[PDB]
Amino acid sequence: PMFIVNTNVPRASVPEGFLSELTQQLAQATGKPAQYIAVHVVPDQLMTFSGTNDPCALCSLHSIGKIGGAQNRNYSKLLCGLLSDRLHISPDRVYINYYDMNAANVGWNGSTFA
């Protein structure tokens, strides 16, 4: 899976460890091995949410499978809780787009996974 976070919080506010904690927390939550988790954090972005420029985040989680109604609620609880606790971004200024990717549409290692 891959998790991307874009945020107007500044770089010096993302705590050491934050990527490694999202890696291990996502491997538990998705049940995928940690070796296939990628995390990407992009601070200091020019963003607005609900018309204001208070701290906010736009995120994406792509996974082959493990995407659905209850699971994505669970991911939002986990990921909005870490973005509030670690980055101090209120949950109601976070969006997370979830994508259930087909294996034939994810390249890795020179081939795809179908």
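So that there is no doubt, residue numbering starts at 1 and follows the sequence shown.
- Comparing 13-21 with 91-99, the higher mean C-alpha B-factor in the PDB entry belongs to 13-21.
- Here the stretch with the larger average CA B-factor, out of 23-31 and 51-59, is 23-31.
- In the deposited entry, the Cα temperature factor of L79 sits in the middle third of values across the chain's modelled residues.
- Compared with the other modelled residues of the chain, the Cα B-factor recorded for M2 ranks in the middle third.
- In the deposited entry, the Cα temperature factor of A70 sits in the top third of values across the chain's modelled residues.
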